[PDB]
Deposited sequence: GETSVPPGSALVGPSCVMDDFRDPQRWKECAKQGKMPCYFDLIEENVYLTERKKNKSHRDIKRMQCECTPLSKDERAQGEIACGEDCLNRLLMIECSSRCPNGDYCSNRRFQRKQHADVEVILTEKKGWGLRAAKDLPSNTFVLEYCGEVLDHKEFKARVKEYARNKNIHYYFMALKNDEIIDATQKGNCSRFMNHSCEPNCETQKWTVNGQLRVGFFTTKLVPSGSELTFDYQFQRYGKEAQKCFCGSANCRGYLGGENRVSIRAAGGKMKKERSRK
């Protein structure tokens, strides 16, 4: 049914109005970068490309970049400088995606262009919690009878919670037969998580990933992904 584009989320007044008429998802605080609840050199050796090579369509810090090969982003001090193609998280080089209402899963993401395989979609941003804060929030959310949950594992004692604060990545739904994956990238010595396509995604297709997370509580949510190999429930490892 109703869809919306990512720029629609930049106007909180218009958003709150479209929301009241069921044309946009419920309001949340839109953020650019992870926020830590509790607060807590790496140069590559790529050969600076010439003016000539930039013009032909050559890639600066491409598949042989030693930073890229370790899922580390370069900094502003990269030998390719401005031209470095390995600062996707930092430069918000997100894929062209729209937010759409699904039949039974709530809102979702869909490709607005064809997206090649291994294309960066979006960073999963949110409030970064420790294990204690996370468990507190699970209990609070269960008490409030929330339907949608927004936790993503980042690393030991770091769980991203996009329930209150996040970005449009929070709309990506789980599928047992997905077309995207998470990848954890080191950006300024700190880990972030992003969604990347794992195959060619046709324009108009819903973007999905295989959500993996330790099981908590009782009454696990049912999966409506529609795959022949559906596990039937969301989460688990």
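Unmodelled regions (deposited sequence positions with no C-alpha coordinates, counted from 1) are 1 to 12, 53 to 62, 260 to 278.
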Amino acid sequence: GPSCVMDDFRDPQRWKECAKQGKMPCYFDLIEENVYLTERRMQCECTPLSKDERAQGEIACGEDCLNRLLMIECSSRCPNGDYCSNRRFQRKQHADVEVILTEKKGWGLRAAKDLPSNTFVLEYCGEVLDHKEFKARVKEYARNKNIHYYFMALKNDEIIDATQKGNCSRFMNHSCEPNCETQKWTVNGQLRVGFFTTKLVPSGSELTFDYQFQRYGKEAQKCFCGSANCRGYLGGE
From here on, numbers count along this sequence of modelled residues.
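Note that the rigid core is defined as the largest set of C-alphas that superpose within 1.5 Å between two forms.
In 9 other deposited structures of this protein, superposed by the rigid core, the C-alpha atoms of 139 to 147 lie farther from the shown form than the other of 139 to 147 and 158 to 166. Of 128 to 136 and 97 to 105, the stretch whose C-alpha atoms sit farther from the shown form in 9 other deposited structures of this protein, after fitting on the rigid core, is 128 to 136. Note: missing coordinates for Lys199 occur in none of the other compared entries bracketing this position, so the one-third threshold is not reached. Among other deposited entries of this protein with both flanking residues present, at least a third omit coordinates for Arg41.
As the entry records it, the average C-alpha temperature factor is higher for 46 to 54, out of 46 to 54 and 59 to 67.
Look at the C-alpha B-factors of 121 to 129 and of 73 to 81. On average they run higher in 73 to 81.
Taking only the listed residues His174, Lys199, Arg170, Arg192, the entry reports the highest CA temperature factor at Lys199.
When all modelled residues of the chain are sorted by CA temperature factor, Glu206 is found within the middle third.
The deposited CA B-factor of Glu140 belongs to the middle third of values across its chain. When the modelled residues of the chain are ordered by C-alpha B-factor, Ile31 sits in the middle third. Annotation for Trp15: C-alpha temperature factor in the highest third relative to the rest of the modelled chain, per the entry. Compared with the other modelled residues of the chain, the Cα B-factor recorded for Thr163 ranks in the lowest third.
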